[PDB]
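*Asks:* no sequence on hand, only this structure:
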């Protein structure tokens, strides 16, 4: 059955302890790798007192994350802090913030309406007058429609529940790509807002969380899928 198939695919990511997953399925991003694309567009988001998540920098002071995260700031931008390329020091004692932190200027909660789980956050330049785009490169946006069932891609973000400091790459395999993206892969709640990057390094969707799949007792990952309308809006925003 479809259930047996689903359980076998899900068991590949959830049937062993996560510290036992092979590096091909789930791997810590090293400080060397974090300096390159596509890793370098990704950062940790902290909503003071409310939530942890991942954000992806798209240009021109602008970061995307999920609406389910950003709304918890209640339109109070000073509560949202982003640190691009945050990682643990060699001892796991502290988080190294290679580019420091940025504090939000403006939150736009539901720019694509309430049915699309993405928010746009505009950040203040830091104390040096430096924008995010002055220290890292923007993600390279692309459409979701080149993805299909059975394709693999890379989910990149901060799986806080597993490791509170480091960025990780989770391999994902698509189950379907019409009802947004649905896929198998190892994720935890912190991964809210993780980028989905295709084999060419394009940013082609935004991880949300887990949705019911097949019936009420089973689930799968799902993401915001980037269509032509959404892509065009974000390109005009960063012009």
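*Replies:* Ah, there it is. Numbering: from 1, shown residues only.

*Asks:* following the longest helix seen in the chain, which helix or strand shows up next?
*Replies:* Counting residues, the longest helix found in the chain (DSSP state H) is helix 2-14. Per DSSP states H and E, the first helix or strand lying C-terminal to helix 2-14 is strand 26-28.

*Asks:* name the residues that touch the longest helix of the chain?
*Replies:* Under the criterion C-beta atoms under 8 Å, 6 or more residues apart in numbering, residues 21, 25-26, 173, 175, 184-186, 213-215, 218, 220 lie in contact with helix 2-14. C-beta here means a position set from N, CA and C on the backbone, and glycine is covered the same way.

*Asks:* turn those residues into JSON lines, including neighbour count and secondary structure.
*Replies:* Below are the contacts of helix 2-14 laid out as JSON lines (neighbours: other C-beta atoms under 10 Å; DSSP: H, G, I helix; E, B strand; the rest coil):
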{"residue": "21", "neighbour count": "19", "secondary structure": "coil"}
{"residue": "25", "neighbour count": "18", "secondary structure": "coil"}
{"residue": "26", "neighbour count": "21", "secondary structure": "strand"}
{"residue": "173", "neighbour count": "17", "secondary structure": "strand"}
{"residue": "175", "neighbour count": "20", "secondary structure": "strand"}
{"residue": "184", "neighbour count": "24", "secondary structure": "strand"}
{"residue": "185", "neighbour count": "26", "secondary structure": "coil"}
{"residue": "186", "neighbour count": "20", "secondary structure": "coil"}
{"residue": "213", "neighbour count": "20", "secondary structure": "strand"}
{"residue": "214", "neighbour count": "14", "secondary structure": "coil"}
{"residue": "215", "neighbour count": "10", "secondary structure": "strand"}
{"residue": "218", "neighbour count": "14", "secondary structure": "strand"}
{"residue": "220", "neighbour count": "19", "secondary structure": "strand"}
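
*Asks:* out of the residues you listed, who's nearest residue 64?
*Replies:* Using C-beta to C-beta, residue 185 is the member of the contacts of helix 2-14 that lies nearest residue 64, at 19.5 Å.

*Asks:* that older thread, so how far is the longest helix of the chain off the chain centroid?
*Replies:* 23 Å (C-alpha atoms, centre = their mean, to the nearest Å).

*Asks:* can you pull the buried residues of that helix?
*Replies:* Of the residues in helix 2-14, 6, 9, 10, 12, 13 count as buried by neighbour count, 16 or more other C-beta atoms under 10 Å.

*Asks:* ok, now which ones touch the residue nearest the centre of the chain?
*Replies:* When C-alpha atoms, centre = their mean is applied to the chain, the residue found nearest the centroid is residue 194 (1.0 Å). Counting by C-beta under 8 Å, 6+ apart, residue 194 makes contact with 42, 54, 56, 155, 156, 157, 158, 170, 187, 206, 207.

*Asks:* cross the residues you listed against strands and list the overlap.
*Replies:* 42, 54, 56, 155, 156, 157, 170, 206, 207 (DSSP state E).

*Asks:* of those residues, which is the nearest to residue 105?
*Replies:* Distances from residue 105 to those, taken by C-beta to C-beta, are shortest for residue 56, at 17.6 Å.

*Asks:* pairing partners for the residue nearest to that closest one when sequence neighbours are not counted in the sheet, please.
*Replies:* Nearest non-adjacent residue to residue 56, counting by C-beta to C-beta, 6 or more residues apart in numbering: residue 195, 4.4 Å away. Applying DSSP bridges to residue 195 gives these bridge partners: residue 156, residue 206.

*Asks:* give the contact list for residue 195.
*Replies:* Counting by C-beta under 8 Å, 6+ apart, residue 195 has contacts 38, 41-42, 54, 56, 139, 155-157, 203, 205-207.
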